[PDB]
Each structure stands twice: as structure tokens, then as C-alpha cells.
Amino acid sequence: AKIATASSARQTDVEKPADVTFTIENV
Amino acid sequence: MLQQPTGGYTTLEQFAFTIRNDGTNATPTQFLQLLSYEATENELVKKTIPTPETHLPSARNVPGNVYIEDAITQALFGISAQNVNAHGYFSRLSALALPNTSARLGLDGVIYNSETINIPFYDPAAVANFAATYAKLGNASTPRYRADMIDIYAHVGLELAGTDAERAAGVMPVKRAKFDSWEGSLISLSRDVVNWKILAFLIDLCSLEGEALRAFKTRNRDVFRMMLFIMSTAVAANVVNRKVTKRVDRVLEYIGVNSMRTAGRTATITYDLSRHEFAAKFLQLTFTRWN
Amino acid sequence: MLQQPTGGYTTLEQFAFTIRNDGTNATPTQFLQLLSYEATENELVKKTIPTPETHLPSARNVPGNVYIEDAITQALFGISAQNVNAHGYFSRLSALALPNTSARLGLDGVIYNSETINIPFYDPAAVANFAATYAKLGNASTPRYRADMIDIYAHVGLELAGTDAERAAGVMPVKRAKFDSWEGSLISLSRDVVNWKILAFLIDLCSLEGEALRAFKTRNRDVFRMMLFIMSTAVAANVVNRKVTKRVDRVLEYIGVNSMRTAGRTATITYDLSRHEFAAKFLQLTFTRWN
Amino acid sequence: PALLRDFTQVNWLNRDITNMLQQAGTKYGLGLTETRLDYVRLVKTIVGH
Amino acid sequence: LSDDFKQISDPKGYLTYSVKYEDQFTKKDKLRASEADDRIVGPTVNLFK
Amino acid sequence: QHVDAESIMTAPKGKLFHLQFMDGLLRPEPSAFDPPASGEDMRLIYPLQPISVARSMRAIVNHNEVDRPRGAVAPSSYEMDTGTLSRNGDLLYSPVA
């Protein structure tokens, strides 16, 4: 708009511990 | 129909058998060698086999389009099959040996009532002599009729590693198989053998005669040895891996003895208790008829 | 241009005529037989035809890219046409017979001013003799010039079911047509005839001469009979269906007489009052010129 | 059935469906189709669905 | 006019479908398609869960 | 609902009762570590018909990952064939071959 600037970013990392499910899959 | 080719239904070539040796397929003859044999100080005696009681389950015709051929191949080699020995499918099959029945066995392995045009099959006479003998397996489970197990396996071994002076004689020393490996190889070959259309190899093992038979047994002596090994895997008790040089090796612990369970729960395919009841009464028929 | 083929523009074969006999197309000659004829105790006399007054509408050139050929085919056979007899389209056409006019009749049936390259047409002389005669239909509607109807139909019949000793003589007994049927057959054939490029059959019915004509009338004696029947359908009064054996049959009530309306409002194609005014003045030209 | 041609994760069931809709012995199809009884006017028109 | 038969928007049919679900067999792959890919083959997927 | 073997011998001649039959094709087996069993179930009745006329398809769940579970059926090639109208009146089939 007035002064040309510079910014920075860093790709983020997201992970949780493997959760528990009660539903079965195959026969 | 395809009528029948003289010299086998297995000399046709439309449907054959190739174990997938990793990225490249091969022939059963070509695979057997990668394995060597270690003679241990144990001995088995070739025990004679009892006759099979003639009393195949009666005819019912529940309407199911039963995949009888698919079910058979699944239990013997299939990876963790379920409800293999249930009664309903076989009973339907036994209707097949009956002279004059509107019920044709599809070439692909699916059984029908009446018929179809778009689908070619095996001539009614080829199947008639087939179901005369493999319908019996159906009731292998009954307390009275049930077949042995801890003793038929004295034959499995001679074939897998049977030296020629050994299957000439009667007794073979307990061997220990070991061959090169790719880690997921035992399961990998078992996943592969399931699609051989093992129906074709059996529906002609009852139709071929005195000379055509002498030539059949002398050629497919491998296609049999193959499914025998993959089957003998689930049975033997301990799988030990040897790490040599840059190579890796699988040892199958004892080719000739029913440990009764496990093999390797992870390294191979396992047999439930309703499997020893099945694979046993199976070998009691193919072996007898085979020799 | 295509110049002109000697022996007809209908001997070209690029554009022909095939009635769709259900799932399979055919030839007009092949369709006529499925119909039989019932002689009733009624008689018609072949009445002579009056001459057509020469006074085709003057030249105007409103800019419309008029589909004159498309309009013609629509009224005679088309299923429930609307505003067929409106004045503007024909007036434009009559400009065509004029020696030296930048206005060419497209092969596809669309009329233009000046010309085009990408589109081939009929040489200006073939169309000149054509529009000399079918421009007149344009004003068929006028109170003074208007043509008959209740009497031209004494000719329709001889052709459709005209026995050869009958069109040799003068009088034919009133017949009753009946042929095999597929239920939606009457509308189905009428939907089909609409695309014959009936322009081609007419733009050459005025260009062919003494010998080339003798051969033309002796070959297309069917392509004419066809559009005559489909046209004679809308006119005859009662359609009765006969249910025999496993068959179904359509009867067209009287081939030779103008009932004046209806035919079957549902079983066939119907003619409005601005249709009898048109189809009549049409037949008054093709018939006269035809014979 | 047959309409769920390729929308089920049931890998086995997905097979026979394709085989039967391949052998030219059967042809599934929904929508405005072609008819013999067509253009036949009474009040409006007859279409086949 | 007499008015014999009455008209309806959509036909009913005599033979319909039923189902008995097992509320413990769910696949962990929530698949997706377009909206016209949905509508035509839509309610038929939710009868064969 | 559970009936008795004494009532199956005294039921009036023309009074039709319903008696439900258990399936069990799709049932997950027990884990490797759990208490065993001792002398179990005895079933006392059996239909001789069979009692399954309405089917179309059965147990739409996959085994392993690429094969049918033992004893499951798919829809027939008849409820999946829209034919054409007759040469005149009603409905037709394929035609085959």
C-alpha cells in the first residue's frame, strides 16, 4: 500500500497419538 | 463345453499356473530348486491309507449359485479362511454326478441350475466322474466319518523332498527345508496360488484313463508338488531366518510332521482346527486316487 | 453445382429414400405389398383437371434465408404443421425462375441471396424451370384462384391401389386398404418421410426431357406412390383395428374419398382446413405435370 | 443394484456387477428412452420413461 | 366427462426392498464424488450401506 | 422370542405361529486371549424347505481385502436388465446371444 515489505513462513507439522476405535473392519 | 482334450484338460493352456517369483513370473519346475534339504536324525515310515466311506451327502438344491470351486481353493491355500467346513455348499454339488441333471459346472468355477448360453462349461460326463469323488469331502467333519491327520503327513514329505531312492523305498529321514527369500515370500506365494483354477487339475484327474493318465502324472509332477509345499508350510512348527553375507534365508522346520499348529503366526499362513479337519480329508482322496 | 446427371437427379444416390420398417430400413417398392385391397360397392370416375391460372406472386426479396424446400415437405406429410400457407416464403422463391439473378438454391434446401463458396447447389437452369411451376402454389389460398379438393382425390386412389386394368380404364371400385401393423406405425412412417429432400424429386421433374422422362416415371413409380399413401391417410375417415390370431392389423377406411376431416385424431396424422387448401393445389400441379 | 456400479468399497461385490454388465446379455439404463409409440398425440404427447 | 382413472406424479410399485444393518462394520474411507455423480446414484448407496 | 419343545406337540392344527431362525454369517470371532468354553450349544429344531426365498444379495462386506466371504451372494443378472417394448404391446428382455 505504502512501503513494500517482506514476510516469512514455515510449513507446519501436526500429529496426535493414534486414537482408539471400537468399530470393526473386515469379516 | 470344450468337450475334452485327450491328454488332459491341463494341456489346453488357456488356464495354467505360474508362481510369481517377485517381479517376474516363472514355472513350478523352476521354483523348486532354490530350496535345499537338510537330513536330520528323525525317521518316518510310509503308512498305508484307509478307504473312504462311501456316503456323500444327499441332494437338496437350495438356490445359491454356489462357487464350489472357489471355496475348495480357499481353504487349502487361502489366507485365514472362515467357515470353510459349513455343510450347505457341498450337498448342492453332489447333485452333479447324477445322470441327467439340468445343472452344469461353469468353466469359471461357478455352479448353476438349468443352464446359460453366454457361458461355456465342462461336458456333463467330465464333471460326473469328478463330483462322484470330491463330494465326499463335504462330510469330512462328522464324528463318525472323520479322517486322520497326524499320519497322512508321512506322504507330504516324500513328495516335497522325496529323494528318488526314498520314494522307491519306504522310509525317509526327517528333512529340513531351506531356500532363498524375499521377506514377504511365504505369504506372497500363498496369495498367488489361490487363483490357479485348481478345479481344472481335479476335474480331469478322474476323467483321464490308462495311457493319458501315465502321461499326466509324469508331467504335472510339479503342479502338485507346489500346492503340497505351500500347504506343508502352515503345519511345520518353527521358522528360523538365517542372515548370511548379504543374503537372507527362510528355514521351514520339519517337512514331514504335523506340529498341530502355528507354523509362524506372522511369517506364514496358519491353519485353524476346522482346517486340519478339512485339508486332511482332502489329501486322503487326492493321494489315494493319485496313487 | 453438380451440373445435372442425365437420367435424373434421383439417380445420384447421395440422397435417396428409405421407409423405416421398424428396426430395419427398406425400399418403397418392398413396403407396398404388406397391404391388401378390399373392393367395396362404391365407384369413382376419373374426372379431368382444370388448368392452373398463371399468376405467381411478384418478386420481393425480404431477407430471410427462407427454407422453402423444408416448408413444402412439412405441410404435406409433416405432423401438425402451423401457418403453412402464409404468404412471405413463396413470394421470395418466385425470384428464382428469373434469368440472371444472384439467388441460388442450396443443395440442402436453403435459399440464398448472392451466393457462397463452402456450399454446392443446383445449376441456375435446373431451378429456373422448377420455380417456374411450384411458385404458383403460393397463392393457392386466394378466394379467386383457389383449387378444388373433393375431386382430385379420384386420382390418389387409382395410384395407391390402382389395378393395371383400372388405370388402363377410367373407373375404379372404391377400395379398402388393410396391411400388417406395429401400433405406432402410421405416425412412425409419417415422421420418417419428412426427411426425403422431396426438393430433389421435384427440381428434376421439370428438367428431364422426352426420353430421360420416360425412364424416370417408369422407375420412381414407387417414391411417388409412397408419399401419396401417407398423404391419403389423413383424409380417409375411419381407422379400424383387427385383432386376429397373434397379429394386429390397421385398416384405412376408404382410399379414394375426402371425408373432409379427422382420419383418426390419435391413430394417424390430421389435416387442418389450411391443409386441404394446400395439399389440393399441390396435387393439381404434380399430377398435371406428372401426366 | 448395477447403478452402484463403482460406488461401493465392497471390492468383491463390485466384480460380478461389471461382469454381468459386460457379457452383452444385459443392458441397464435409466432416463428418457426411445419408443415405438412416439409422437402419438391425444392431449399432449407419449414419451417412455 | 366420466373420469375413470386418476393420475399420479411418481409410480409406486408392488415389490420393494428391505435391509438389516450391522452397526459395527464401518469403513474408514469417506469417499466423495460430484453432485450429478451423486444424484443419479444417490439414494441407492444409502440402501446398501 | 423363544418357544418350547412341549408346546410344539400341543399346538392347534390350523394355528400358524412364527419361529425365527438365526443367521450368523457376519460375526467377528473372539480375540486370542480369553477364557475357553465347556460343553456347549445344542439346537433342537430344523426347517426342511429351505426357508429362504427372498434374497437378491447377502452380507455385503469384504473379506481380507479382495475376495468374497464364504457363502455370500450377489444380485442376479435379471433385476439389472431393462429390456425393450414388444413388437406391439408389453415388455421384452435382452435378447440373449
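Residues numbered from 1 in each chain as written, not as in the entry; some residues may be left out. Chains lettered and ligands numbered in written order. Part of a larger assembly, values for the part shown. Heavy atoms only, no water.

Caption draft 1: Focus on the overall build of chain B. Counting its regular elements, chain B contains 10 helices and six strands. Taken over the C-alpha trace, chain B has a radius of gyration of 19 Å; the compact-globule value for 291 residues is 19 Å, and the two agree within 12%. Considering only C-alpha atoms, chain B reaches an extent of 60 × 45 × 40 Å along its principal axes. Counting all 291 residues of chain B, 51% fall into the buried class. If you sum the accessible surface of chain B, you get close to 13700 Å²; carbon and sulfur atoms cover 52% of it. For chain B, the separation between the mean place of its 30 positive charges and that of its 27 negative charges on side chains is 3 Å. (Helix = DSSP H or I, 4+ residues; strand = E, 2+ residues; numbered from the N terminus. Rg over C-alpha atoms; globule rule 2.2 N^0.38 Å. Buried < 20%, exposed > 50% of the residue type's maximum accessible area, 1.4 Å probe, protein only. Areas by Shrake-Rupley, 256 points an atom, 1.4 Å probe, with all protein chains shown as cover. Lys, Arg positive; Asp, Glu negative; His and termini not counted. Charge placed at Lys NZ, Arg CZ, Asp CG, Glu CD.)

Caption draft 2: Region of interest: the sheet that holds strand β3 (residues 35-44) of chain C. Residue and element names in this part refer to chain C. Strand order in the open sheet made by the four strands is β3-β4-β6-β5, with antiparallel pairing throughout. Edge positions in the sheet fall to β3 and β5 (239-244), since each of these pairs with one other strand and no more. Direction aside, the axes of adjacent strands within the sheet are offset by 25° on average. Where strand β4 (residues 172-180) meets strand β6 (residues 247-252), four bridges bridge the pair, whose relative direction is antiparallel. Of the residues in β6, the one forming a bridge with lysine 178 is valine 251. Lying over the sheet, helix α5 (residues 153-161) contacts β3 and β4, oriented at roughly 145° with respect to β3. (Pairing = 2+ DSSP bridges. Axes fitted to C-alpha atoms, helices over the stretch in contact; angles between N-to-C directions. Contact = heavy atoms within 4.5 Å.)

Caption draft 3: Main features of unusual backbone geometry. The residue after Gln49(F), namely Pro50(F), is reached through a cis peptide bond having omega 0°. Put simply, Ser94(F) and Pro95(F) share a cis peptide bond, and its omega is -5°. The backbone phi angle of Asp22(B) is positive, close to 75°, even though this residue is not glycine. Residue position: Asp22(B) is located in the loop between β1 (20-21) and β2 (24-25). In the Ramachandran plot, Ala97(F) falls in the positive-phi region, its phi being about 55° despite a non-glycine side chain.

Caption draft 4: Broad picture of the side chain of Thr73(B). Residue and element names in this part refer to chain B. Relative to the helices and strands, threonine 73 is located in helix α2 (residues 68-77). By relative accessible area, which is 3% here, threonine 73 ends up buried. Here the side chain of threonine 73 touches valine 194 through a polar contact of 3.0 Å, landing on its backbone oxygen. For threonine 73, the residues in contact, after removing those within four places along its chain, are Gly78, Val193, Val194 and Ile198. (Polar contact = N/O pair within 3.5 Å; in protein donor to acceptor, adjacent residues only side chain to side chain.)

Caption draft 5: Broad picture of the packing of aromatic side chains. One pass over the structure, following the stated rule, counts 26 aromatic pairs over all chains. Taken together, a centroid distance of 5.9 Å and an interplanar angle of 20° make the contact between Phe130(C) and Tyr134(C) stacked. Here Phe130(C) and its partner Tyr134(C) are both found in helix α4 (residues 124-134), four residues apart, which amounts to about one turn of the helix. Of the two residues, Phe130(C) and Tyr134(C), both sit in the buried class. Judged by centre distance (5.8 Å) and plane angle (85°), the ring pair of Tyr78(F) and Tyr93(F) falls under edge-to-face. The two residues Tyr78(F) and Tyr93(F) agree in class, both being exposed. One aromatic cluster is present, formed by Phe201(B), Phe216(B), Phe224(B), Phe287(B) and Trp290(B) through successive ring pairs. The ring of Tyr67(B) has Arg68(F) lying over it, and the distance from NZ or CZ to the ring centre is 3.1 Å. (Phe/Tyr/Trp six-rings, centres within 6.5 Å; stacked < 30°, edge-to-face > 60°. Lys NZ or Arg CZ within 6 Å of the ring centre and 35° of its normal.)

Caption draft 6: Broad picture of the arrangement of the chains. No other pair among the 10 pairs of chains in contact exceeds the contact count of chains D and F. One thing to see here is that chain B and chain C don't touch, and their nearest C-alpha atoms sit 24 Å from each other. You won't find any contact between chain A and chain D; their C-alpha atoms come no closer than 10 Å.

Caption draft 7: Seen up close, the nonpolar core. Core analysis: the biggest nonpolar cluster contains 71 residues, and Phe31(B) and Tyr122(B) have the highest contact counts within it. Looking at this core, the element that brings in the most residues is helix α9 (residues 221-235) of chain B, giving 10 residues. Non-local contacts of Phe31(B), meaning those with residues more than four positions away in its chain, are made with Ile19(B), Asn21(B), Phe179(B), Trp182(B), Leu189(B), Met226(B) and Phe229(B). Formed by 70 residues, the second largest nonpolar core is a distinct cluster that contains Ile68(C), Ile72(C), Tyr122(C) and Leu186(C). (Core = buried A, V, L, I, M, F, W, Y, C linked by side-chain atoms within 4.5 Å.)

Caption draft 8: Local environment of the interface of chain F and chain D. With 25 residues of chain F at the contact, the number on the chain D side is 19 residues. Buried area between chain F and chain D, summed over both chains or domains, comes out near 1700 Å², and the portion from carbon and sulfur atoms is 64%. Here chain F is connected to chain D by one salt bridge. Between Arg68(F) and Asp16(D) there is a salt bridge, and its shortest N-O distance comes to 3.2 Å. Between chain F and chain D we count six residue pairs in polar contact in total. Each residue belonging to the side of chain F that touches chain D can be placed in one class, and the counts come to 12 nonpolar, six polar and seven charged. (Buried area = accessible area lost by both parts, 1.4 Å probe. Salt bridge = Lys/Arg side-chain N within 4 Å of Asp/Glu carboxyl O. Nonpolar A, V, L, I, M, F, W, Y, C, P; charged D, E, K, R; others polar.)

Caption draft 9: Highlighting helix α1 (residues 13-20) of chain D. With six of eight residues buried, α1(D) lies mostly within the body of the structure. All of the buried residues in α1(D) are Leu13(D), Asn14(D), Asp16(D), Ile17(D), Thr18(D) and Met20(D).

Caption draft 10: Examining the pattern of salt bridges more closely. Counted by the stated rule, this structure contains 20 salt bridges over all chains. When the shortest N-O distance is used, the salt bridge between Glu53(B) and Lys281(B) registers 3.7 Å. Residue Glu53(B) is found in the loop between β3 (35-44) and α2, and its partner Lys281(B) is found in helix α10 (residues 273-290); the two are separated by 228 residues along the sequence. The burial state of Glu53(B) is the same as that of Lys281(B); both residues are buried. Between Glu115(C) and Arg104(C) there is a salt bridge whose closest N-O contact spans 3.9 Å. Of this pair, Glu115(C) sits in the loop between α3 (88-93) and α4 while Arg104(C) sits in the loop between α3 and α4; the two residues are 11 residues apart in sequence, bridging distant segments of the chain. Classification of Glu115(C) by relative accessible area gives exposed; the value is 52%. Here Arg104(C) falls in the partly exposed class, since its relative accessible area comes to 22%. Here the residues in one salt-bridge network are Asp180(C), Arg247(C) and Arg87(F), joined through shared partners.

Caption draft 11: Structural detail: the environment of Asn220(C). Residues and elements named next belong to chain C. Relative to the assigned elements, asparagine 220 resides in the loop between α8 (210-216) and α9 (221-235). Taking the relative accessible area as the measure of exposure, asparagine 220 reaches 6% and is therefore buried. Spatially, the C-alpha atom of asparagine 220 lies 20 Å from that of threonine 133, the residues being 87 residues apart in sequence. For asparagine 220, the residues in contact, after removing those within four places along its chain, are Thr10 and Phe201.

Caption draft 12: Representation of the sheet that holds β3(B) in the model. Residue and element names in this part refer to chain B. In space, the four strands of this open sheet follow the order β3-β4-β6-β5, with antiparallel pairing throughout. Both outer strands of the open sheet, β3 and β5 (239-244), are each paired with one neighbouring strand and no more. Ignoring strand direction, the axes of neighbouring strands in this sheet form an average angle of 25°. Here β5 runs beside strand β6 (residues 247-252); their pairing, made up of six bridges, is antiparallel. Its bridge partner lying in β6, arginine 242 is registered against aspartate 249. Along the sheet face, helix α5 (residues 153-161) touches β3 and β4 (172-180) and points at about 145° away from the line of β3.

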